[PDB]
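Chemist: Below you'll find the structure I mean.
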Amino acid sequence: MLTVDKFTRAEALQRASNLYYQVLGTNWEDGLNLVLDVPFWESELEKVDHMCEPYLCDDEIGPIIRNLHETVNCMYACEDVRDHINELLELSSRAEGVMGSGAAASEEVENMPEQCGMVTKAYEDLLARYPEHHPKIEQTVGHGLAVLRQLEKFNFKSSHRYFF
Amino acid sequence: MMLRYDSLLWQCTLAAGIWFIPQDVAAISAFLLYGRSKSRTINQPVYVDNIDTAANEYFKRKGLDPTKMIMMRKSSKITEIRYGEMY
Amino acid sequence: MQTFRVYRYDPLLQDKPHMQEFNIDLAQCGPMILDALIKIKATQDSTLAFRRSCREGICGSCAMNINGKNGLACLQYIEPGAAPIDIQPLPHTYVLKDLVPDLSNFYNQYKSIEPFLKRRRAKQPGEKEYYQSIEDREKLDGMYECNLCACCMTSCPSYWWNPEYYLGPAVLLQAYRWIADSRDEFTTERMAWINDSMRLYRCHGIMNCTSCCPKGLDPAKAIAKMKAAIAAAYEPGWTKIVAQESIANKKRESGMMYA
Amino acid sequence: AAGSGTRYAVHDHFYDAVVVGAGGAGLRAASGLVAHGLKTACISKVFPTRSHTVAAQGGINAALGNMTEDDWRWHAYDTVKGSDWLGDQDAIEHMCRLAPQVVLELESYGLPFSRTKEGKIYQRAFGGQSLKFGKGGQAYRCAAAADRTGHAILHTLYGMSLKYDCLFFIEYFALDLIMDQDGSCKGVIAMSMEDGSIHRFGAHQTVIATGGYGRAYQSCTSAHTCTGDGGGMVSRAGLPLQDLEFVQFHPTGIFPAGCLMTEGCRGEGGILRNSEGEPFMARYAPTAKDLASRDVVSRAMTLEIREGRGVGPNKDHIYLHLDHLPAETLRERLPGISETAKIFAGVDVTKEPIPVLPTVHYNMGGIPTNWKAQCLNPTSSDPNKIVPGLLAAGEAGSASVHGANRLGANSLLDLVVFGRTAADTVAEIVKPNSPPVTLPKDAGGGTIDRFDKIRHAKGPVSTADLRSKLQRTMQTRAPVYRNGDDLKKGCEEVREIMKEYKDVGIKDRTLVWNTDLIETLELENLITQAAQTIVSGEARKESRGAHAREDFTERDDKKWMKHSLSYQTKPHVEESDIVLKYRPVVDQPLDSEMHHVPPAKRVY
Amino acid sequence: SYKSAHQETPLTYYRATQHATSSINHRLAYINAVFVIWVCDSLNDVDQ
Amino acid sequence: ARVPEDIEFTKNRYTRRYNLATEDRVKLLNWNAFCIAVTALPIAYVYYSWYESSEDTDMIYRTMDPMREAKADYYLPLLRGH
Ligand SMILES: CCCCCCCCCCCCCCCCCC(=O)OC[C@H](COP(=O)([O-])OCC(O)COP(=O)([O-])OC[C@@H](COC(=O)CCCCCCCCCCCCCCCCC)OC(=O)CCCCCCCCCCCCCCCCC)OC(=O)CCCCCCCCCCCCCCCCC
Ligand SMILES: CCCCCCCCCCCCCCCCCC(=O)OC[C@H](COP(=O)([O-])OCC[N+](C)(C)C)OC(=O)CCCCCCCCCCCCCCCCC
Ligand SMILES: COC1=C(OC)C(=O)C(C/C=C(\C)CC/C=C(\C)CC/C=C(\C)CC/C=C(\C)CC/C=C(\C)CC/C=C(\C)CC/C=C(\C)CCC=C(C)C)=C(C)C1=O
Ligand SMILES: Cc1cc2nc3c(=O)[nH]c(=O)nc-3n(C[C@H](O)[C@H](O)[C@H](O)COP(=O)(O)OP(=O)(O)OC[C@H]3O[C@@H](n4cnc5c(N)ncnc54)[C@H](O)[C@@H]3O)c2cc1C
Ligand code: SF4
Ligand code: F3S
Ligand code: FES
Ligand SMILES: [K+]
């Protein structure tokens with residue numbers, strides 16, 4: 001990164017830890033939270049990586065960096081899958097028509113079960129890929145599947161744990 | 001669809017109409033009143049018994065030859081004079 | 001000879017739902033609406049399906065929309081008149097069959113707030129019930145009586161628009177019940193999690209929740225108190241608190257939770 | 001999810017343990033099993049909070065010293081006396097000794113108990129409870145949360161289950177059990193109402209935590225969902241059901257609705273008055289007038305109405321006068337009663353009496369069990385043989401803690417103690433990780449065929465008509481005071497009702513929330529349990545506890561201090577006959593802490 | 001094979017309350033203000 | 001319609017699919033870019049606007065008060081109206 005600022009390791013540790021908890025504590029389910037904050041996270045994350053570069057082997061800063069990077073990886077992955085689910089739900093809503101009356105109802109999704117099969121497969125991949133972020137995955141993608149399950153009857157492993 | 005007079009949609013519309021229409025009409029009237037206040041000071045309508053006598057007086061005062069001035073009656077109570085030779 | 005119109009939908013046929021009218025003699029029927037529905041099922045059309053259990057109003061399974069206002073059929077009284085009585089499932093819910101709604105999202109939201117007492121120290125050996133004065137216990141009176149019928153949930157316009165992001169009047173009322181409880185020691189964690197624009201602040205004070213509550217609770221009052229408490233007690237470090245609790249839930253099974 | 005093809009779509013699940021019921025008993029067992037580290041699945045017709053435990057009002061008994069000094073041994077003696085010496089003293093000791101811990105644990109999970117001035121849990125006086133082995137006065141042991149103790153218990157247990165992250169199969173109706181040829185239970189086969197598919201749950205140990213069969217009578221306090229489905233499943237498996245004749249009548253139930261008014265109403269000062277206005281309860285059970293055992297009060301009320309001293313226009317009921325009690329106390333410790341009376345009875349409790357009449361409330365009978373909550377299959381040589389892999393808890397089971405008559409607020413205690421006990425028993429038998437259970441090749445073959453036949457059943461008699469006929473016979477032929485001649489006629493009638501289940505027909509033929517189909521299946525369980533109640537009651541030639549016979553108005557301990565087992569000859573209720581066998585009662589306490597209580601007169 | 005139906009908008013039939021209507025008026029105060037300003041702006045330009 | 005069935009979902013922060021969430025972030029930048037640009041109007045008005053009765057004002061100060069010190073006898077009825 002192009003910068004002339006200098007930070008001590010104590011300052012670098014504080015910045016990295018603050019960003020790590022800011023991302024993990026944020027509610028990823030609300031789309032607007034990621035839209036508004038991600039631009040701020042990226043700017044900070046660029047600074048944190050630059051100042052923490054000499055401490056990637058440090059016994060304290062090192063683990064924080066690995067968790068921070070892993071959390072950002074999971075945030076983008078969960079957002080992408082849940083973003084697709086939102087599109088499917090929005091398509092279903094518009095197919096209802098005006099006032100849910102069908103007055104100007106649009107064309108329905110003809111391959112809804114296929115989409116449900118595709119989304120659930122992606123959901124399983126997240127769980128295997130990010131074993132330490134299940135609470136966040138269930139918050140965004142797991143809850144999204146439950147909403148879809150109301151529209152269409154499909155089977156996924158955790159369906160019974162969502163009262164289905 | 002199932003429509004009921006006591007529905008939220010219809011009741012909200014009546015509530016909005018009762019609440020806002022009295023305010024809006026008063027607010028619009030106040031603005032109209034302000035416009036009228038300026039209009040009357042800038043150009044107050046004045047009534048003349050006979051158009052011809054007034055028109056002749058107007059030409060005399062301003063030194064305008066009646067031949068070159070065109071007179072037309074826009075409405076029953078409105079008569080307008082215009083320059084005949086105007087671009 | 002009252003006329004009853006009942007919402008009907010066959011999941012297998014998947015035809016357009018319609019209202020079917022039945023005629024019942026109120027002389028041979030119980031005063032409550034649920035009695036009329038049972039009589040219709042027993043005599044005229046046994047295909048009709050609806051959730052019912054208690055008859056006392058305590059369980060909250062028979063929530064329905066009668067004449068446009070949500071209520072429990074077992075406590076609702078039949079009002080005879082020329083105008084037919086219209087019975088429909090809860091508003092803006094996916095109907096599984098006839099009058100039976102799909103309230104899975106409501107259950108999932110309720111599980112999210114983790115409605116179980118949390119304490120920092122485990123019960124020491126030889127220790128009896130936790131101390132709680134009468135005054136503190138009195139604070140829970142209006143909140144621990146909720147039967148989870150979901151009448152208030154489906155009467156909130158904010159829940160109509162954002163069912164999957166807004167916790168709704170019932171779940172927010174329960175969240176404040178644990179916050180208010182003196183025995184619970186995770187007050188700050190609960191307030192931090194609930195302090196979200198979608199979860200809590202979609203409540204616009206419409207008050208359709210308090211009006212239709214069968215048990216006469218005041219979810220609007222409790223929601224207003226929770227907002228005031230959160231605003232006064234907010235600290236910059238709340239976001240970190242939420243993150244730390246999320247790490248503590250890392251090994252939990254799938255399902256809604258604190259995160 | 002698996003995916004098989006047994007005429008329907010069968011999803012095969014495998015678990016270490018499977019609880020069947022999400023009431024108070026079932027929720028506690030599931031939480032305990034998960035706490036012990038075993039993989040568990042809980043199955044319920046209704047969302048757990050909507051189970052009939054929610055409707056419980058009075059409270060749960062514990063030997064805490066919060067109000068007065070108490071000893072668990074004193075509470076145990078009351079239970080033995082209340083059971084009229086048809087209750088297992090081994091089981092009673094276990095329940096009473098654990099009651100203080102159980103209640104305090106419930107409070108530890110956030111149960112909103114009402115509090116005393118010093119901040120301890122508040123307790124109230126409940127009928128049938130005394131101090132110093134009966135030498136002392138009324139005992140205040142009924143821990144309570146206003147008039148909504150059941151609502152609080154069920155919510156707290158549901159919260160506990162959420163904390164332990166139990167797996168719930170909500171809105172699944174349970175069909176027959178999966179039984180091995182050896183006689184073990186390898187799981188349950190159930191139907192998903194929401195999806196319409198069939199599921200075969202296979203587990204090493206099964207727990208049946210269903211409700212009672214109180215809906216078999218016309219007027220009952222039980223819920224519409226209290227069809228006693230678990231008992232029918234056990235009966236169709238060929239295993240016995242015990243003490244079905246003993247059906248409790250709550251003395252105070254709103255007339256004619258059948259809604260309950262808590263015994264705590266009388267426990268806080270309520271009086272019962274006849275047409276003369278006399279507090280008639282002094283004549284019967286003088287020392288504890290209105291706090292006498294429920295069966296004594298119910299019998300007295302029925303006799304008084306019979307005598308012509310009833311109240312109201314038709315002399316059909318009696319009044320409960322709570323008006324004299326202070327308004328503040330009524331609101332503070334009996335809030336729910338006031339609203340229920342205001343609605344169903346149209347009565348203002350503060351100023352007016354409440355119409356009341358005895359009504360079937362609880363079923364002491366159930367699946368035989370020992371003090372470890374293991375289901376029993378008694379044999380002549382072995383009167384306490386246990387089914388290899390089956391357990392029961394709650395009102396569904398009969399450990400005999402309650403015997404002939406149940407003590408108020410003792411049932412909610414039974415739920416948690418034995419629900420907790422069941423989990424402990426399973427944990428000892430089953431290790432946290434074990435090879436999956438091997439279902440028999442023809443597992444569920446018979447159940448599907450029976451389910452399919454009922455689905456396409458077309459006949460003249462409708463399910464509602466048959467259920468109404470069954471309730472009519474039970475109400476008329478098995479009242480508070482049972483006459484032998486009527487019981488004999490009722491036995492014939494119910495046998496005819498069993499035969500005509502062959503002609504039942506359902507108009508609906510879908511699989512998603514087909515309440516018409518479900519009710520028909522429930523009626524099968526209701527009929528079989530109802531039949532055994534009449535046959536068992538007719539056979540018993542004595543008068544003990546709730547079971548009162550005018551022909552035999554005496555308690556025969558020499559020839560009738562025996563549990564009454566009932567067997568269904570064949571799985572199909574249409575082609576089956578009821579057979580009666582008996583096993584001796586357990587009178588010796590397991591430990592020496594509690595001494596044996598010899599049989600004696602039960603006057604109250 | 002089985003699918004659940006989705007109900008129409010509750011606005012058409014759900015019963016109204018006095019407080020609910022007033023809340024809508026509270027939220028529409030600014031919308032009305034903009035509307036009035038537009039009307040006055042148009043009148044100032046097209047009238048007299 | 002038929003939504004595509006072969007979507008390659010994002011796997012990590014450096015292997016990202018283009019989705020509406022990213023497009024929303026682009027909207028955020030553009031709407032905020034408009035706010036910066038539209039700020040020129042109010043600033044331009046304040047910097048350029050003048051409030052003067054006529055051209056005599058400048059001439060008066062040039063000839064009768066060049067230093068903004070020359071005191072003038074006050075006669076209240078002039079600007080007071082009465
Ligand atoms: C402490 C509290 C403080 C609160 C402060 C809040 C402030 C809020 C301010 C909001 C903005 C208001 C600005 C008003 C300016 C105008 C007045 C004025 O300046 O007059 C002096 C002066 C004008 O007077 P003038 O010198 O006499 O000159 C004449 C005009 O210039 C002549 O004008 P013109 O000719 O140039 O244009 C005329 C004008 C006026 O427009 C027209 O003339 C329209 C005419 C329409 C005719 C239609 C005909 C249809 C025919 C139908 C026929 C039907 C037949 C049916 C028959 C049926 C038979 C049965 O036209 C338009 O604007 C364009 C057309 C309309 C476009 C919009 C249409 C959609 C409307 C949307 C409404 C939104 C509300 C929805 C409500 C929903 C309710 C449920 O102004 C100017 O010269 C400058 C004008 C611009 C000034 C803008 C100032 C902006 C200030 C912004 C401040 C923001 C602060 C708030 C916070 C920050 C927010 C970002
Ligand atoms: C540390 C705190 C920092 C806070 C920063 C806050 C920034 C706020 C920005 C507000 C912008 C408002 C612009 C209005 C438009 C003005 C246009 C204009 O005509 O301007 C020229 C004119 C020049 O006047 P003029 O008399 O030459 O005439 C110009 C022509 N007419 C008369 C027609 C207008 O006026 C101004 O300069 C306007 C005032 C500008 C003030 C802007 C904000 C100042 C913020 C100061 C921060 C102090 C920090 C304290 C700590 C210091 C430590 C060392
Ligand atoms: C789609 O379902 C919905 C949601 O999702 C569930 C919502 O969340 C919400 C909540 C959203 C909001 C509150 C956001 C703001 C919403 C607003 C402002 C309302 C948006 C909806 C609309 C404006 C309705 C769309 C427009 C219409 C239905 C048109 C209305 C006019 C109509 C129907 C008149 C047309 C009549 C005709 C064409 C008949 C013509 C007659 C003739 C030719 C007869 C001639 C006779 C002779 C004799 C010659 C709504 C309102 C909703 O409808
Ligand atoms: C009005 C009333 C008040 C009472 N008050 C008190 C009191 O104050 N104190 C007290 O000690 N006792 C009281 N009792 C008695 C006590 O509440 C019950 O005995 C107790 O609730 C039984 O609980 P349970 O867990 O065994 O089953 P229940 O609460 O009866 O429920 C059985 C569970 O199994 C499920 N189930 C049933 N059949 C099936 C099936 N076929 N497939 C799947 N799931 C099934 C049901 O849906 C439910 O979840 C009262 C009883 C009534 C009715
Ligand atoms: S607040 Fe009232 S209406 Fe809402 S869920 Fe609770 S009991 Fe039902
Ligand atoms: S109706 Fe809804 S907006 Fe709030 S006041 Fe009640 S939860
Ligand atoms: S049936 Fe449960 S509240 Fe009415
Ligand atoms: K607290």
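Every chain in the structure tokens takes a letter, A first, then B, and so on in the order presented; its residues are numbered from 1, and the ligands are numbered from 1 following the presented order.
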Could you list, as a list in words, all protein and nucleic acid residues with an atom at most 9 Å from ligand 7, counting only C-alpha atoms and all ligand atoms?
Modeler: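 What falls inside 9 Å of ligand 7 is residues 34, 51, 52, 53, 54, 55, 56, 57, 58, 59, 60, 61, 62, 63, 72, 73, 74, 75, 147, 149 and 214 of chain C; 50, 223 and 224 of chain D.
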Chemist: Contacts from chain B to chain C, 9 Å maximum, only C-alpha atoms: show me the residue list as a list in words.
Modeler: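 Per the criterion, chain B yields residues 4, 6 and 7 of chain B.
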Chemist: Using only C-alpha atoms, determine which residues lie at most 8 Å from residue 133 in chain A, disregarding the query and same-chain residues fewer than 5 positions distant; provide the list as a ChimeraX atom specification.
Modeler: /A:71,74,127 /C:250
Chemist: Take the residues from that selection and put them in a file with N, CA and C atoms, as a PDB file, in the first residue's frame.
Modeler:
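Result file out.pdb:
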```pdb
ATOM      1  N   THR A  71     -12.804 -14.522   8.173  1.00  0.00           N
ATOM      2  CA  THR A  71     -14.133 -13.955   8.355  1.00  0.00           C
ATOM      3  C   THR A  71     -14.568 -13.162   7.133  1.00  0.00           C
ATOM      4  N   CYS A  74     -15.679 -15.542   4.483  1.00  0.00           N
ATOM      5  CA  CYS A  74     -17.008 -16.084   4.726  1.00  0.00           C
ATOM      6  C   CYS A  74     -18.085 -15.040   4.460  1.00  0.00           C
ATOM      7  N   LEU A 127     -20.800 -24.553   4.835  1.00  0.00           N
ATOM      8  CA  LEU A 127     -20.599 -25.176   6.136  1.00  0.00           C
ATOM      9  C   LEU A 127     -19.291 -25.951   6.177  1.00  0.00           C
TER      10      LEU A 127
ATOM     11  N   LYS C 250     -19.838 -21.002  18.494  1.00  0.00           N
ATOM     12  CA  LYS C 250     -19.220 -21.596  17.316  1.00  0.00           C
ATOM     13  C   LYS C 250     -19.557 -23.075  17.168  1.00  0.00           C
TER      14      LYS C 250
END
```
Chemist: Please indicate the distance in Å from CA of residue 486 in chain D to CA of residue 536 in chain D, rounded to one decimal place.
Modeler: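 Interatomic distance here is 13.6 Å.
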Chemist: So that each row is one residue of chain B with an atom at most 12 Å from ligand 3, can you give its shortest atom pair and the distance in Å to one decimal, using only C-alpha atoms and all ligand atoms, rows by chain and rising number, as CSV?
Modeler:
```
residue,atom,partner,partner_atom_place_in_ligand_line,distance
B:1,CA,ligand 3,28 (C),11.5
B:8,CA,ligand 3,51 (C),11.4
B:9,CA,ligand 3,51 (C),9.1
B:12,CA,ligand 3,13 (C),11.7
B:13,CA,ligand 3,18 (C),11.8
```
Chemist: If you measure from CA of residue 399 in chain D to CA of residue 365 in chain D, what distance in Å do you get, rounded to one decimal?
Modeler: 9.1 Å
Chemist: Show me which residues are within 8 Å of ligand 8 counting only C-alpha atoms and all ligand atoms, and format the list as a PDB file with N, CA, C and O atoms, in the first residue's frame.
Modeler:
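Output below, filename part.pdb:
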```pdb
ATOM      1  N   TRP C 178     -36.698 -11.161  28.884  1.00  0.00           N
ATOM      2  CA  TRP C 178     -35.438 -11.647  29.428  1.00  0.00           C
ATOM      3  C   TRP C 178     -34.497 -10.511  29.788  1.00  0.00           C
ATOM      4  O   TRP C 178     -33.715 -10.635  30.735  1.00  0.00           O
ATOM      5  N   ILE C 179     -34.545  -9.408  29.045  1.00  0.00           N
ATOM      6  CA  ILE C 179     -33.745  -8.243  29.405  1.00  0.00           C
ATOM      7  C   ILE C 179     -34.192  -7.699  30.753  1.00  0.00           C
ATOM      8  O   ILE C 179     -33.370  -7.386  31.623  1.00  0.00           O
ATOM      9  N   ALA C 180     -35.506  -7.593  30.955  1.00  0.00           N
ATOM     10  CA  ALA C 180     -36.023  -7.035  32.198  1.00  0.00           C
ATOM     11  C   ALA C 180     -35.771  -7.951  33.385  1.00  0.00           C
ATOM     12  O   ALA C 180     -35.669  -7.471  34.520  1.00  0.00           O
ATOM     13  N   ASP C 181     -35.674  -9.257  33.156  1.00  0.00           N
ATOM     14  CA  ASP C 181     -35.551 -10.205  34.255  1.00  0.00           C
ATOM     15  C   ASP C 181     -34.287  -9.942  35.061  1.00  0.00           C
ATOM     16  O   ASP C 181     -33.195  -9.848  34.505  1.00  0.00           O
ATOM     17  N   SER C 182     -34.431  -9.870  36.384  1.00  0.00           N
ATOM     18  CA  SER C 182     -33.285  -9.531  37.223  1.00  0.00           C
ATOM     19  C   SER C 182     -32.282 -10.670  37.304  1.00  0.00           C
ATOM     20  O   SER C 182     -31.078 -10.424  37.434  1.00  0.00           O
ATOM     21  N   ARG C 183     -32.749 -11.916  37.239  1.00  0.00           N
ATOM     22  CA  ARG C 183     -31.844 -13.049  37.386  1.00  0.00           C
ATOM     23  C   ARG C 183     -30.861 -13.131  36.224  1.00  0.00           C
ATOM     24  O   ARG C 183     -29.702 -13.517  36.412  1.00  0.00           O
ATOM     25  N   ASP C 184     -31.303 -12.779  35.021  1.00  0.00           N
ATOM     26  CA  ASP C 184     -30.433 -12.851  33.857  1.00  0.00           C
ATOM     27  C   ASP C 184     -29.287 -11.854  33.975  1.00  0.00           C
ATOM     28  O   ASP C 184     -29.484 -10.696  34.354  1.00  0.00           O
ATOM     29  N   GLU C 185     -28.085 -12.307  33.618  1.00  0.00           N
ATOM     30  CA  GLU C 185     -26.874 -11.508  33.740  1.00  0.00           C
ATOM     31  C   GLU C 185     -26.281 -11.123  32.391  1.00  0.00           C
ATOM     32  O   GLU C 185     -25.177 -10.573  32.347  1.00  0.00           O
ATOM     33  N   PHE C 186     -26.980 -11.395  31.295  1.00  0.00           N
ATOM     34  CA  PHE C 186     -26.510 -11.076  29.951  1.00  0.00           C
ATOM     35  C   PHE C 186     -27.326  -9.944  29.338  1.00  0.00           C
ATOM     36  O   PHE C 186     -27.631  -9.949  28.146  1.00  0.00           O
ATOM     37  N   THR C 187     -27.678  -8.952  30.154  1.00  0.00           N
ATOM     38  CA  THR C 187     -28.521  -7.865  29.670  1.00  0.00           C
ATOM     39  C   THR C 187     -27.853  -7.107  28.531  1.00  0.00           C
ATOM     40  O   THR C 187     -28.499  -6.788  27.529  1.00  0.00           O
TER      41      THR C 187
END
```
Chemist: If you count only C-alpha atoms, which residues fall within 7 Å of residue 423 in chain D, apart from same-chain ones fewer than 4 positions away, as a ChimeraX atom specification?
Modeler: /D:29,32-33,419,427
Chemist: Of the candidates C:128, C:16, C:227, C:41, which one gets nearest to chain A if we count only C-alpha atoms?
Modeler: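 Using only C-alpha atoms, the shortest distance to chain A belongs to C:16.
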Chemist: Determine which residues of chain D sit within 6 Å of chain C, taking into account only C-alpha atoms, and present them as JSON, numbers by chain.
Modeler: {"D": [50, 104, 109, 110, 115, 119, 159, 223, 224, 225, 464, 508, 515]}
Chemist: Determine, for each residue of chain B having at least one atom at most 12 Å from an atom of ligand 1, the closest pair of atoms and their separation in Å to one decimal, counting only C-alpha atoms and all ligand atoms; order by chain and ascending number, as JSON lines.
Modeler:
```
{"residue": "B:13", "atom": "CA", "partner": "ligand 1", "partner_atom_place_in_ligand_line": "80 (C)", "distance": 10.4}
{"residue": "B:16", "atom": "CA", "partner": "ligand 1", "partner_atom_place_in_ligand_line": "80 (C)", "distance": 9.4}
{"residue": "B:17", "atom": "CA", "partner": "ligand 1", "partner_atom_place_in_ligand_line": "80 (C)", "distance": 10.2}
{"residue": "B:20", "atom": "CA", "partner": "ligand 1", "partner_atom_place_in_ligand_line": "80 (C)", "distance": 10.0}
{"residue": "B:21", "atom": "CA", "partner": "ligand 1", "partner_atom_place_in_ligand_line": "79 (C)", "distance": 11.2}
{"residue": "B:24", "atom": "CA", "partner": "ligand 1", "partner_atom_place_in_ligand_line": "79 (C)", "distance": 11.0}
{"residue": "B:31", "atom": "CA", "partner": "ligand 1", "partner_atom_place_in_ligand_line": "17 (C)", "distance": 11.6}
{"residue": "B:35", "atom": "CA", "partner": "ligand 1", "partner_atom_place_in_ligand_line": "27 (O)", "distance": 10.4}
{"residue": "B:38", "atom": "CA", "partner": "ligand 1", "partner_atom_place_in_ligand_line": "27 (O)", "distance": 11.7}
```
Chemist: From a DSSP calculation on the backbone, collect every residue of range 42-150 of chain C in strand (DSSP E or B) and output the set as number ranges by chain.
Modeler: C: 63-66, 69-72, 77, 85-88, 94-97, 100-101
Chemist: To one decimal place in Å, what is the distance between CA of residue 87 in chain C and CA of residue 19 in chain C?
Modeler: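 Atom-to-atom, CA of residue 87 in chain C and CA of residue 19 in chain C are spaced 8.7 Å apart.
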Chemist: What are the residues of chain A lining chain D at 9 Å or less? Count only C-alpha atoms, and put the answer as a ChimeraX atom specification.
Modeler: /A:153,155-157,160-164
